[PDB]
Amino acid sequence: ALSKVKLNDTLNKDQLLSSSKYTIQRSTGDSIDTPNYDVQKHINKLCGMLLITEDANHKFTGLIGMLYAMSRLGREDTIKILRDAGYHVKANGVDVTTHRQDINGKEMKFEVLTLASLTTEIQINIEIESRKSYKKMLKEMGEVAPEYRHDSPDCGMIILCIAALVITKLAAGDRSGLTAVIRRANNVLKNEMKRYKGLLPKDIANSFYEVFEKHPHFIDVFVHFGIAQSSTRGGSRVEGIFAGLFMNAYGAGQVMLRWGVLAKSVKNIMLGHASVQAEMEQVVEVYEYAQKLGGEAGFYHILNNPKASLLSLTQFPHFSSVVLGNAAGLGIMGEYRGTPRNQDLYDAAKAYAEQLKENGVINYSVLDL
Amino acid sequence: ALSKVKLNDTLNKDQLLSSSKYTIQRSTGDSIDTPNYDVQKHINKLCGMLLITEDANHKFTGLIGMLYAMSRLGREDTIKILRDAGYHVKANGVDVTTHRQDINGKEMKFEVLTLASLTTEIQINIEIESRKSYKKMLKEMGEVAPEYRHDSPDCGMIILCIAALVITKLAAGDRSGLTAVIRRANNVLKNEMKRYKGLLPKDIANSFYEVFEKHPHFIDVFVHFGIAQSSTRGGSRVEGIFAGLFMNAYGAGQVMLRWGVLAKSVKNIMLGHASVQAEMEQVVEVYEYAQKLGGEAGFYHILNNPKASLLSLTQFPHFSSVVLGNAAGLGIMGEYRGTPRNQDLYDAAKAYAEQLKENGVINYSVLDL
Amino acid sequence: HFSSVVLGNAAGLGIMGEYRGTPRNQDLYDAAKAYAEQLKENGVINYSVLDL
Amino acid sequence: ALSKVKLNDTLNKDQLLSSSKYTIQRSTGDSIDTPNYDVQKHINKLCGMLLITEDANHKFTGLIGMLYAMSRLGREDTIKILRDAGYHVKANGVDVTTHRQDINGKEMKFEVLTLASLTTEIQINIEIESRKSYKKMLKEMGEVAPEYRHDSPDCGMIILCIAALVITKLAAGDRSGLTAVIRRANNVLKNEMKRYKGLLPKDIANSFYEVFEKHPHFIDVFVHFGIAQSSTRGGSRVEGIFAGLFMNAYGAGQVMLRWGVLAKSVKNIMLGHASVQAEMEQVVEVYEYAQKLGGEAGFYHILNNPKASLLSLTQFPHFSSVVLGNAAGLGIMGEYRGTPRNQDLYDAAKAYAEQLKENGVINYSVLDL
RNA sequence: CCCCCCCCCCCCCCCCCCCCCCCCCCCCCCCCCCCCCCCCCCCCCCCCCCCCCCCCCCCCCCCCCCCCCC
């Protein structure tokens with residue numbers, strides 16, 4: 001029977017990758033600092049001092065946000081995440097200590113952290129800039145409120161909201177989503193961009209881009225922190241904003257699956273073409289694979305999971321071209337920089353999707369009605 | 001088959017969030033006072049003294065109501081709630097002690113509580129104001145009744161009724177439901193607003209708004225206290241009022257689901273439009289998700305649960321516009337400040353819902369009858 | 001009632017012109033006119049309601 | 001039942017027009033010459049003399065061709081045709097006689113016809129021109145053949161072939177098909193355009209246009225002559241050419257019916273639009289009417305039959321626009337000067353018909369396959 | 001009002017048939033017994049009963065139709 005001349009390549013590749021009986025273990029290189037719940041207050045203080053500092057220097061904001069996320073997770077869970085990701089990690093204990101230095105010819109008390117990645121001078125200078133900006137702004141408006149201070153419990157979570165936007169745009173492969181990050185961080189968080197002098201979305205976004213590029217394990221740590229944070233029973237409104245912006249990253253890098261479901265929903269006719277119907281077997285194969293994967297598959301492209309390539313639909317040029325055409329016809333493709341590889345099917349689907357709005361729907365009374 | 005080109009994104013996101021294998025643990029900052037059953041009588045006395053004090057100062061009423069709720073729960077359950085919500089809490093023991101001070105040049109006996117959040121001066125001044133207001137009102141009417149006193153066992157529960165109204169309106173994101181809280185606290189509790197001189201709904205509502213804004217964990221504590229209180233076998237009539245007002249908050253922030261069920265019930269025709277039928281698959285997805293969640297989902301938006309965004313229907317502009325139009329046509333939309341994002345479907349549904357009252361119903365004898 | 005519905009449908013489709021006959025059920029006339037107008041922006045209405 | 005709210009206007013109009021119990025009888029004005037079989041040879045001689053005359057004057061060729069057709073029919077059938085068409089006719093007997101005149105100072109014998117419409121001078125001058133052209137061409141090539149002479153039995157039938165082309169293009173309402181007539185008379189009849197010096201398609205076509213414009217009863221006579229000629233058991237090859245060119249006129253003025261059948265055959269999707277399906281009832285009404293009419297309906301527009309307007313499809317703007325779009329997309333519309341009255345449906349159908357050639361066909365596996 | 005475009009057709013190859021073959025052939029008359037049929041008893045019917053009985057005229061309002069475009 002010709003019906004059994006078939007090969008389930010996607011499922012077989014998945015079974016090969018999921019049934020490996022040997023494991024690799026990478027070496028991060030530089031030692032990882034693992035803060036615990038103890039220093040969460042101090043890291044939040046540092047984030048607040050960065051936020052209240054106008055004309056601020058955000059060169060180190062990405063690392064400080066990563067430290068805050070790791071302190072929220074805790075040392076045990078951070079270590080367990082790093083092992084489960086397949087890393088050899090030098091767990092570095094983080095504890096708070098005092099440092100005494102004379103600036104302006106006056107003895108001064110600073111409370112800093114033992115971070116191998118972040119030197120004492122940097123934290124001291126962050127405090128100095130924050131203090132003098134606070135002095136100037138207190139002079140210019142008289143009395144402060146808990147709104148204008150580093151002691152707010154959500155100062156770190158605003159920075160992590162910026163990180164969540166960066167994560168949403170990470171799947172583009174470079175810093176091309178920086179403009180989108182800035183635009184969305186101006187739409188969202190506009191009250192904060194009033195309230196905090198140093199909340200500069202572009203600088204923080206660039207810092208997080210840099211830290212994610214240099215340390216790929218921080219992407220894994222941040223994704224699992226975001227999943228753990230989104231699994232809480234509740235929280236403040238800033239944590240709700242972070243959860244909403246983080247789940248905006250679910251399915252990033254897999255827009256074609258959603259647009260294919262959309263093209264099925266609007267019932268585009270060019271799904272009835274000969275070549276599309278030729279590829280439909282493996283297309284349904286891919287969709288069933290995505291469903292069997294389920295929730296974990298939504299962050300494959302952000303995490304650079306090796307099995308991300310199994311979810312691709314560009315390996316079916318005709319179906320992909322029809323899907324892109326339908327997306328462009330419905331007016332939702334935007335600046336999507338993926339290009340069709342069957343221009344004719346793309347144009348036909350685009351035209352039909354455009355007439356799907358002036359000419360509402362097409363019946364199929366043809367053929368017996 | 002084109003029927004298997006589908007993705008269950010809502011369910012996959014829920015499974016991802018519910019199957020997390022790492023947890024975060026937040027730090028509240030300031031220490032939490034955890035009163036036990038021992039001081040419930042004294043906290044109720046404090047609430048009664050606040051209530052019988054005319055022209056009262058309600059700056060601290062929200063914290064005192066929170067303390068009363070936590071004393072009703074007990075220290076064990078309050079601590080367990082705070083852990084289950086994912087908080088690091090400094091459990092502060094609350095016990096009663098005496099303080100002696102000379103006011104009016106006379107030695108005076110006061111019995112106060114060891115609360116870190118509430119200083120002794122504040123409790124002393126509350127007692128002073130209550131005592132002199134009691135003296136003045138006793139002078140002006142001769143003899144008091146158990147109706148006019150702080151020893152009533154429901155004085156704290158009236159304050160918690162005001163808190164329940166504030167909770168009902170918390171999902172609006174700000175203090176825009178203050179007018180509704182005042183109106184409902186005048187409709188309900190009018191006998192009390194006679195009986196108690198200091199029962200000022202606006203001041204207590206503002207105090208509870210402030211305490212819920214500053215301490216997001218108090219929202220969790222109060223919601224679980226309200227659930228535990230509503231699980232009792234019975235109580236007084238004020239506790240019944242509190243239970244009725246608290247379950248008025250169930251489903252807050254999710255009005256569109258109820259209005260969609262309503263639009264299905266009145267059988268609005270614009271549910272048969274092309275785009276609405278395109279979105280119906282994911283709409284049924286969302287409704288099945290809400291049902292699988294069940295009872296716990298009714299307080300997701302009040303608690304700022306991260307999975308609250310999964311219940312949204314505004315991600316389907318056409319269905320949402322039809323639902324808003326049907327609600328506006330039936331005359332129940334009120335001042336709902338959500339706006340349609342398909343004006344045409346909104347207007348069509350509104351018009352049909354309006355003719356659903358003069359022109360009772362429409363048969364579908366068209367097509368074969 | 002039927003005449004009013006018919007006039008409303010004619011006016012909604014934009015073909016009634018200066019037809020000087022007038023409806024004697026204004027409500028049905030207006031309802032039919034409105035539905036006929038939405039029959040052009042909102043192409044057709046399915047009846048998936050009731051078992052589909 | 002709403003299914004019986006229907007009116008069969010086309011069929012009712014046809015029954016009204018076909019069941020009239022009173023008849024009109026028009027008056028042609030000028031007397032009609034009715035030649036019989038006797039003078040067929042002489043009229044064919046006259047046509048041959050016109051054909052062999054180079055640089056000829058074809059002012060009277062249309063009338064001579066009409067006389068030849070009427071002589072082929074016979075006087076009885078010509079009279080019966082004129083009565084059945086509803087005309088009052090002065091039947092004029094045509095017989096041959098001799099006329100003697102002196103040209104070049106020499107007595108000369110001419111044999112002419114008693115035609116009221118055609119004077120003796122005209123026939124004499126036709127003979128003179130033919131004779132001297134024959135003399136010149138005999139001088140220039142030495143000896144003639146039966147190919148180069150007026151005695152050929154098909155000289156009149158070539159002129160009637162030109163008349164048949166003019167009839168094919170008569171439905172355009174004016175002399176706009178003159179270029180098409182000339183082009184087709186050059187493609188066909190090229191051997192004759194060699195063989196006959198005076199076979200000028202444009203002059204003969206203009207003469208036939210003039211005679212058909214002045215005498216509308218000659219259109220009826222010629223159409224019924226062409227039907228009678230095409231009902232013969234056989235004939236020469238020129239008569240076969242005439243029959244082929246005459247049946248090319250069948251269905252002239254009714255191209256939209258054929259193009260609608262074509263759009264049904266290629267299964268254009270825009271036949272499933274809402275408005276097209278609204279009009280399909282009366283469209284099928286018109287097609288059933290055309291079939292009930294049958295063969296006689298193919299010459300309604302040429303004859304200006306009053307019931308020609310009942311076969312129109314432009315009374316259904318959406319279906320007509322779809323049909324024109326399908327015709328233009330398939331590349332067969334040419335210079336058809338009818339214009340769509342729904343531009344959107346026209347463009348949509350044109351686009352789909354164009355993709356019907358690169359994208360062969362579209363399956364309807366959508367909806368359950 | 002309607003209509004409006006393009007378009008002659010044809011074109012090759014090809015007689016068919018061809019063999020063998022008379023059919024039949026035997027045996028065989030059919031029938032054969034026994035047997036008339038019927039047979040009893042029995043007229044049928046039988047009573048009671050005329051039918052009907054009331055109430056009730058009917059009706060009553062409003063309303064020309066049409067109107068466009070082609």
Side-chain angles (χ1 to χ4, degrees), chain C residues 3 6-24, chain D residues 9-10 13 17 154 157-158 160-193 201 209 219 226 229-230 234-260 262 282 286 290 297-317 320 323-341 350:
Chain C
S3 304
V6 163
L7 285 174
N9 187 65
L13 290 173
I15 71 166
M16 186 181 108
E18 345 215 356
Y19 180 77
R20 202 175 33 203
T22 55
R24 333 175 315 166
Chain D
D9 274 350
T10 306
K13 294 188 188 189
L17 295 188
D154 51 4
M157 284 296 301
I158 303 169
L160 288 186
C161 286
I162 301 290
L165 286 170
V166 165
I167 280 285
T168 64
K169 291 301 177 187
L170 259 189
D174 57 339
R175 309 190 199 191
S176 66
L178 189 68
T179 299
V181 168
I182 300 166
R183 179 179 61 243
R184 283 202 80 203
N186 288 6
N187 297 347
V188 182
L189 303 170
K190 61 177 84 178
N191 296 14
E192 287 74 338
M193 293 182 57
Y209 267 127
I219 299 178
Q229 172 84 45
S230 300
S236 58
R237 65 168 294 264
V238 181
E239 296 181 11
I241 297 178
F242 170 85
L245 296 179
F246 183 80
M247 290 299 279
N248 279 180
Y250 181 96
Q254 310 155 14
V255 72
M256 286 291 254
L257 293 163
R258 279 80 191 172
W259 282 351
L262 173 70
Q282 316 173 60
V286 166
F299 289 97
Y300 271 12
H301 284 78
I302 297 169
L303 290 166
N304 282 117
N305 188 296
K307 308 158 53 187
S309 302
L310 304 188
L311 292 164
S312 175
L313 287 173
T314 59
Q315 63 182 14
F316 317 115
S320 304
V323 163
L324 285 174
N326 187 65
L330 290 173
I332 71 166
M333 186 181 108
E335 345 215 356
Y336 180 77
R337 202 175 34 203
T339 55
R341 333 175 315 166
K350 178 188 202 157

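In what follows, chains are A, B, ... by sequence order, proteins preceding strands, each numbered from 1. All values below were derived from every heavy atom in this structure, side-chain atoms included, with hydrogens, water molecules and symmetry-related copies excluded.
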Touch check for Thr314(D), heavy atoms < 4.0 angstrom, all strands: base, sugar-phosphate only, or nothing?
sugar-phosphate
Nucleotide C8(E), atom P - distance to CE of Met193(D) in whole Å:
13 Å
Taking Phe242(D)'s backbone N and O only, do any of them form a donor-acceptor pair with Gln229(D)'s side chain (distance below 3.5 Å, no angle check)?
no
How many whole angstroms separate atom CG of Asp154(D) from atom P of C8(E)?
19 Å
Over all strands shown, is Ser312(D) touching base, sugar-phosphate only, or nothing at heavy-atom distances under 4.0 angstrom?
sugar-phosphate
Is there stacking between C54(E) and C53(E) - six-membered ring centres closer than 5.5 Å and planes within an angle under 30°?
no
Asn186(D) has an atom CG; how far is it from atom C1' of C8(E), in whole Å?
14 Å
Does the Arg341(D) side chain pair with the main chain of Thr314(D), one donor and one acceptor, at a distance under 3.5 Å?
yes
May I have the distance from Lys169(D) (atom NZ) to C8(E) (atom P), rounded to whole angstrom?
12 Å
With north for a positive and south for a negative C1'-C2'-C3'-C4' torsion, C28(E) lands north
Atom CG of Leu313(D) and atom P of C4(E) are separated, to the nearest Å, by 10 Å
Note: contacts of residues 298-306 of chain D with RNA chain E (heavy atom, under 4.0 Å) are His301(D)
Measure the shortest side-chain to side-chain distance between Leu310(D) and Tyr300(D) over non-hydrogen atoms and say whether it is less than 4.5 angstrom.
no
What's the CD-P distance between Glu239(D) and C9(E), to the nearest Å?
19 Å
What's the spacing between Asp154(D) CG and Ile241(D) CD1 if we round to 0.5 Å?
9.0 Å
Under 4.0 Å between any heavy atoms, over every strand shown, what does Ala180(D) touch: base, sugar-phosphate, or nothing? Just pick one.
sugar-phosphate
Can you check whether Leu170(D) reaches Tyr209(D) side chain to side chain, under 4.5 Å on heavy atoms?
yes
Side chain to side chain donor-acceptor pair (under 3.5 Å) partners of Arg237(D), counting only residues at least two apart:
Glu192(D)
To the nearest 0.5 Å, how far apart are CD1 in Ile167(D) and CG in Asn248(D)?
13.0 Å
According to the interplanar angle, ranging from 0 to 90°, do the rings of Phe246(D) and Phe299(D) count as parallel (below 30°), tilted (30 to 60°) or perpendicular (above 60°)?
parallel
Measure the spacing between CG of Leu313(D) and CG of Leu257(D) and express it to the nearest 0.5 Å.
4.5 Å
Write out a two-atom table: protein N or O, nucleotide N or O from nucleotides 68-70 of chain E, distance below 3.5 Å.
from: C68(E); atom 1: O2'; to: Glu18(C); atom 2: N; distance (Å): 3.4
from: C68(E); atom 1: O2; to: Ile15(C); atom 2: O; distance (Å): 3.2

Is a side-chain N or O of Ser320(D) found less than 3.5 angstrom from the main chain of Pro317(D), in a donor-acceptor match?
no
What's the CD-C1' distance between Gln254(D) and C4(E), to the nearest Å?
13 Å
N/O (side chain, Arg237(D)) to phosphate O (OP1/OP2, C8(E)) under 4.0 Å
no
For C6(E) and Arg258(D) - does any side-chain N or O of the residue sit under 4.0 Å from the phosphate oxygens OP1/OP2?
no
Rounded to whole Å, how long is the line connecting atom CG of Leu324(D) with atom P of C5(E)?
13 Å
